[PDB]
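Chain and residue survey
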Amino acid sequence: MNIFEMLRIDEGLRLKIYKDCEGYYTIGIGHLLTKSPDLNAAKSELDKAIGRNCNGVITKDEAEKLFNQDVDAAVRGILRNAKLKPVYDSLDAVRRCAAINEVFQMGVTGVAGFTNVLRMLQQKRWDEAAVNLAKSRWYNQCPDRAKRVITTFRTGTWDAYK
């Protein structure tokens, strides 16, 4: 499946501001608004992201616009980064999606900082890479959102998304 379909499964789609697994205000398909507990701060961040007055609710079209911007930023981010680009180029199609997903979730600097996992992936040490990812705060603070990505790095199949 494609990266949009994969992230839709991991992140869900919600049109109103909600709290994610870590308690953080989120909207759309995994678009983090703020780590502040102030709902009104999340609303102000949403109005900034869209450029108009939203009162904490967006349309599916606006959700998809944010999603497509966030995916584009992850893909361009990988492909200009001296650590991530050789890893991405080395991976098979399925694990390339898992890499984009991980960068979407953690950010470029978060993924580029896991230099052990990157070496393992480059070297085809899939089991070792998955064990190491399962030690991360990313996974342990919110297992349901990360578990399919980890399985996908291990197996190289789409089975966890079926």
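The biggest cluster of nonpolar side chains holds 47 residues, and the ones touching the most others in it are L46, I58 and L121. When residues in this core are grouped by element, the largest group, 7 residues, is from helix α5 (residues 93–106).

This part takes up the pattern of salt bridges. Between side chains of opposite charge, a pair can form as their charged atoms come close. Inspection of every chain in the model, using the stated rule, returns 12 salt bridges. A salt bridge links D127 to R154; the nearest nitrogen and oxygen atoms lie 3.8 Å apart. Taken together, the positions of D127 in helix α8 (residues 126–133) and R154 in helix α10 (residues 143–155) put the pair 27 residues apart, joining distant regions of the chain.

Sheet topology note: the strand β1 (residues 14–19)/strand β2 (residues 25–28) ladder contains 3 bridges and is antiparallel. Directly across from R14, in β2, lies its bridge partner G28. Between β1 and β2, which pair antiparallel one after the other, the connecting turn spans 5 residues, and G23 there sits at a positive phi close to 85°.

Conventions adopted
Residues numbered from 1 in each chain as written, not as in the entry; some residues may be left out. Heavy atoms only, no water. Core = buried A, V, L, I, M, F, W, Y, C linked by side-chain atoms within 4.5 Å. Buried < 20%, exposed > 50% of the residue type's maximum accessible area, 1.4 Å probe, protein only. Helix = DSSP H or I, 4+ residues; strand = E, 2+ residues; numbered from the N terminus. Salt bridge = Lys/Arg side-chain N within 4 Å of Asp/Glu carboxyl O. Pairing = 2+ DSSP bridges.

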